[PDB]
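In structure tokens, one chain follows: the form deposited in one PDB entry.
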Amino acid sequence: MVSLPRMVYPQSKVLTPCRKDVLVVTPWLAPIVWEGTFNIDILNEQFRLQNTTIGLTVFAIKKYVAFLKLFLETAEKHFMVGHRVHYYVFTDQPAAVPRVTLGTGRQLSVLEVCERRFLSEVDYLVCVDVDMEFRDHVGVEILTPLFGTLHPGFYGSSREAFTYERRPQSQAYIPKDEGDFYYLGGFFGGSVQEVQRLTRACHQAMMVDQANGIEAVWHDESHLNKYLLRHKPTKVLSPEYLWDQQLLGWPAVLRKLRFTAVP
């Protein structure tokens, strides 16, 4: 709760939008994080003064353990650098986890495949897929109670085109006239409490679907979209945060490609 120290930075012009090519705030007043919308120095101050600890979770089973080295090494270069980080690697091959050199204040836990642990060890949880690599800054600008990430292939599409689950028989059902954005199942997070609420909710919904003999079109992702539609995220990350340059190239609208799929 302490006050920020004296800081010197350029003034923001009230009569000058920061980005004139994209939407930077949702209808429920949640910021949409694009390069240029934030001053990382101010945000780093706020979060360091709180001695914020960020948990980063990834599941690496079978052949996916092969992606851990690059994932962890690039995260060390771009993920929450300067802040306390705790990586949680869930895997069926504990011995196959690469020994990556970590910066100070950063640790890694290998869990073989304990929620109570999270509440006690980190302030925020970030959940992503392992077959990725960081290519640019991914920092505290994303931290908030609950956040979703705009899917790179649908940020410019009409909602009718969103690949939401369209069957009323599914708990993830979302009609053609509903929906704000199409979020990625591979990059979401927020406070431990909000994240556990989301996963707990999606777990129950998927069980209901299973019992009813139905499986959502895009599984976990379909349910995450239903959850975020009914519980608006406090921050929305732009496609900068999960991109696939091989399939989508590098649009002018993207000033940075921070987290990407591995070819």
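All residue numbers refer to positions in the sequence shown, first residue = 1.
What comes next is about the form solved in complex with a small molecule, which does not appear here.
**Q** Taking the small molecule as it sits in the entry with it bound, is residue 49 near enough to touch it, meaning that at least one heavy atom pair lies within 4.5 angstroms?
**A** Judged by the heavy-atom cut-off of 4.5 Å, residue 49 is well away from the small molecule in the entry with it bound.
**Q** Is it the case that residue 56, even though its partner is missing from this view, gets within 4.5 Å of the small molecule in the entry with it bound, heavy atoms only?
**A** So residue 56 does not count as contacting the small molecule.
**Q** Can you tell me whether residue 76 touches the small molecule? I mean in the entry with it bound, with a 4.5 angstroms heavy atom cut-off.
**A** No, residue 76 sits far enough from the small molecule in the entry with it bound that none of its heavy atoms falls within 4.5 Å.
**Q** How about residue 214 - does it come within 4.5 Å of the small molecule in the entry with it bound, if we only consider non-hydrogen atoms?
**A** Taking the distances in the entry with it bound, the answer for residue 214 is no, it never comes within 4.5 Å of the small molecule.
**Q** Quick one: from 143, 172, 85, 130, grab the residue that has a heavy atom within 4.5 Å of the small molecule in the entry with it bound.
**A** Selected option: 130.
**Q** Among 122-130, 103-111, 172-180, 135-143, which stretch has residues whose heavy atoms lie within 4.5 Å of the small molecule in the entry with it bound?
**A** Only one stretch passes the 4.5 Å heavy-atom test: 122-130.
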